[PDB]
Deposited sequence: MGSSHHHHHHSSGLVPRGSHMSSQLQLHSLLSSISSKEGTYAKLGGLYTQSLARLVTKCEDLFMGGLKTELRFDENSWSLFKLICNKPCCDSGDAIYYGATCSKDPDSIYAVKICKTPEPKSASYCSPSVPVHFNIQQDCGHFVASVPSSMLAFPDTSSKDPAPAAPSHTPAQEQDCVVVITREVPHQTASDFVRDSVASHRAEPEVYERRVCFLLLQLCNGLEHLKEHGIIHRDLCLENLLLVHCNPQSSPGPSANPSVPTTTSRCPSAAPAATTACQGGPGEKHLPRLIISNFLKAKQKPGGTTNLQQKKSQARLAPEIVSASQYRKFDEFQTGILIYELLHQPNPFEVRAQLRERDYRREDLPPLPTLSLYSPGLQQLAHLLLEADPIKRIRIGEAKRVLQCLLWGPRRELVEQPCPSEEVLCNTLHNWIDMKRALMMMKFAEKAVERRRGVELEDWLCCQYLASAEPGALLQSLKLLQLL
């Protein structure tokens, strides 16, 4: 039983708070897993004319129209008209379809998909010039959540050796899930896969390279500027600063520096970026690191308490959701959960160093 360990040490406050801490971790992991099943849909079938209206999204890859099935006229599908699908399992932030075909050239390869997008990240950046100056903490925060999803998708591609190679804001779909949209990485028209006939008559110094190891990271560094209504500089080190307009402005500038670093061995990996953005989003922050502390060995215990607290608070929040109004589990909650589930004082230290807080 989960309980025998706890009743052995229950005479010790330190002992049972320790075990309570480690089980709060295991439960948050389970909560991540369940959360996924909630958002991924359930069973998915693979598959007449639909259709309804005028474009709902313009992509660097396609144009998207909303479309209706006859055997359920309340069934909503996007019909994606190309102007290729990554050999990879399903992921929340990577595009999926139900099949494809060919059909006419009116006004094509046409692919069907269940996640209909209402705009791209380009369409979003372009429409929010007023809001960014008007309320920049709310905006720059939304930027962090977008970048965090982008990283979550890019990690999964790296786990299967795909390099997207065409990462611009017109290729990032946003799908209702205003409210934090679901970001979906699309347009794999020049994604590469790392093999493993043709020819191995390549130089030794090249078979070592696979020199796209840190190419998607570089592309994301540029998106950080574009999302923040700034130019692509190429058109840390000494790159153009960001205006300090929010609690996130400096951290985002620092992360862009680390991602645009000219030397690929120095440039950070997309996962290193993910944890930084988790840190900008949910902490820790300069205040924790500024209180007098004599060594990194002592900061790690303090970080450990911070984690136990932020986990209990999360647990407490889900516990009150099981017993009120509606379901209420939002995307932002799942993202937070995958932080708290996966964090350890070890890595939080490394991320605070990358932010130049430590």
(request) Give the ranges of the deposited sequence, numbered from 1, for which the structure holds no C-alpha coordinates, in sequence order. (result) 1-24, 72-80, 117-125, 150-176, 247-284, 304-311, 351-361
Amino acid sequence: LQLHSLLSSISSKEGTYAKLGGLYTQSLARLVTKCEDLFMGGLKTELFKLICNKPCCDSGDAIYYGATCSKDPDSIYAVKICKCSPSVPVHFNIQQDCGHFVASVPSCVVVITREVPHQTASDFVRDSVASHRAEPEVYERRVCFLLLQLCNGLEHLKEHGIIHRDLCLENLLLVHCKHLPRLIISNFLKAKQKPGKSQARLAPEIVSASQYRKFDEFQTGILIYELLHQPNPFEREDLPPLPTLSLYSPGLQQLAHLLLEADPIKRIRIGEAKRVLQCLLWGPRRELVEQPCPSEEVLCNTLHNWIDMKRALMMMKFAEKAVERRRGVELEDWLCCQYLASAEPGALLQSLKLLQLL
From here on, numbers count along this sequence of modelled residues.
(request) State which stretch shows the higher mean Cα B factor in the entry: 256-264 or 94-102. (result) 94-102
(request) Read off the CA B-factors in the entry, average them over 6-14 and over 19-27, and name the higher stretch. (result) 6-14
(message) So if I compare the CA B-factors in the entry for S87, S249, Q149, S186, which one is the largest?
(response) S87
(request) Could you tell me which one of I76, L154, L223, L242 shows the highest CA temperature factor in the PDB record? (result) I76
(message) Among the modelled residues of this chain, does the Cα B factor of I307 put it in the lowest, middle or highest third?
(response) lowest
(request) Select lowest, middle or highest to describe the third in which the CA B-factor of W282 falls within its chain in this entry. (result) lowest
(request) Would you mind checking where the Cα B-factor of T33 ranks among the modelled residues of its chain, as the lowest, middle or highest third? (result) lowest
(message) Ranking the modelled residues of this chain by C-alpha B-factor as given in the entry, is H176 in the lowest, middle or highest third?
(response) middle
(request) Determine, from the deposited record, the chain-internal third of the Cα B-factor for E137: lowest, middle or highest. (result) middle
